[PDB]
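Only one chain is included here, represented as structure tokens and corresponding to the form deposited in one PDB entry.
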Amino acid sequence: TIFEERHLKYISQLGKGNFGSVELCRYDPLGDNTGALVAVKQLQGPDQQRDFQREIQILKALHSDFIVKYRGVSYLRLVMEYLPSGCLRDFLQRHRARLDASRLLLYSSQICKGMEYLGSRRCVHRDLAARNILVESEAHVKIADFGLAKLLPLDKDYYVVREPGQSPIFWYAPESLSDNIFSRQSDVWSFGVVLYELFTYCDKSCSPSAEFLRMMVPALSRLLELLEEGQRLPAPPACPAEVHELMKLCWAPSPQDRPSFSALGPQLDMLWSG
């Protein structure tokens, strides 16, 4: 669980995003190109470093088949398993022809259990989106990107963030947009949007962005008015009705009226079997 920097050998960039990068490296103590591939996160500020230390301790404490696996650290860097299939967003866009409704329901279920495990750990993810879900195998996904994750204090069930969110606005719960309030129930909001991503196969032309522009002053405020009015994303083409109903349930105006991940899971399992 401790990796010497000199044995970690740079290959390429996997991702870039707010103050950090993920790289493909080979952990290669023999120096001969035979070592295992790992994904390595690092920062590129005094506070981001503190947040980074917290992100590591959170992921180190997580153990689930549906959460990207922590491998160790190097001292400054976070070492993780490397999933060559990349993110679900690109996987969906590429393998559209092979993934039927069941597969999509299998993914949904797997993400759901993962989120149920996070909630049980008192962890709010804050950035659930298909781009942050990694693909382990054609029938297995894992939640990643804990850079924004917060631990809820025992006394509270919500968290308030001082500075504005830097992710696409179309994934945020209304109370996050208006008051910077994040909770396990704002995660359920974002999960509804992830479901929408799965059943559109993250098609760009019917993405949240594209759909918002079609429904029509600051964009953040417009989106708020639309959601306040009860406007919502439409059923993805060929989307099963029961699955769309689940989205709308995740998109309940008030966080208390959104179902828990533990309630959702059973329902997704039944639809998967249905």
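By rigid core we mean the largest C-alpha set that fits within 1.5 Å across both forms. Just count from 1 along the sequence shown to find any residue number.
Enquirer: How about residue 165: is it missing in a third or more of the other compared entries?
Expert: Residue status for residue 165: gap in at least one third of the other entries.
Enquirer: In this entry, is the chain continuous from residue 241 to residue 242, or are deposited residues missing in between (none, 1 to 3, 4 to 9, 10 or more)?
Expert: In the deposited sequence, nothing is left without coordinates between these two.
Enquirer: Unmodelled stretch from the deposited sequence between residue 75 and residue 76, which bin: none, 1 to 3, 4 to 9, 10 or more?
Expert: Per the record, 4 to 9 deposited residues are absent between residue 75 and residue 76.
Enquirer: Mind pulling up the entry and telling me whether 224 to 232 or 33 to 41 has the higher mean Cα temperature factor?
Expert: Going by the record's values, the stretch with the higher mean is 224 to 232.
Enquirer: Please compare 191 to 199 with 165 to 173 and say which has the higher mean C-alpha temperature factor in the record.
Expert: Averaged over C-alpha atoms, the B-factors run higher in 165 to 173.
Enquirer: Highest Cα B-factor in the deposition, which of 136, 127, 179, 116?
Expert: Most elevated C-alpha B-factor of the set, per the entry: 179.
Enquirer: By the entry's C-alpha temperature factors, tell me which of 212, 27, 70, 66 sits highest.
Expert: Checking the PDB record, the top C-alpha B-factor among 212, 27, 70, 66 is at 212.
Enquirer: Can you tell me which third, lowest, middle or highest, the CA B-factor of residue 111 falls into for its chain?
Expert: According to the entry, residue 111 has a C-alpha B-factor in the chain's lowest third.
Enquirer: Against its chain's modelled residues, does residue 249's Cα B factor rank lowest, middle or highest third?
Expert: Within its chain, residue 249 is a middle-third residue by C-alpha B-factor, going by the deposited values.
Enquirer: Lowest, middle or highest third: where is residue 101 by Cα B-factor in its chain?
Expert: Within its chain, residue 101 is a middle-third residue by C-alpha B-factor, going by the deposited values.
Enquirer: Would you mind checking where the Cα B-factor of residue 206 ranks among the modelled residues of its chain, as the lowest, middle or highest third?
Expert: For residue 206, whose C-alpha B-factor we compare with every modelled residue in the chain, the answer is the middle third.
Enquirer: Relative to the other modelled residues of the same chain, rank the CA B-factor of residue 160 and answer lowest, middle or highest third.
Expert: Answer is highest: the recorded C-alpha B-factor places it there.
There is also a form deposited in another entry; it is not shown, and the following applies to it.
Enquirer: After core superposition, I'd like to know whether residue 31 moves between this form and the one not shown (criterion: C-alpha shift of 2 angstroms or more).
Expert: The answer is yes; the displacement is at least 2 Å.
Enquirer: With both forms fit on the core, is the shift of the CA atom of residue 265 between this form and the one not shown 2 Å or larger?
Expert: The answer is no; the displacement is under 2 Å.
Enquirer: Answer yes if the Cα of residue 18 shifts by 2 angstroms or more between this form and the one not shown on a rigid-core superposition, and no otherwise.
Expert: Yes, the C-alpha position differs by at least 2 Å between this form and the one not shown.
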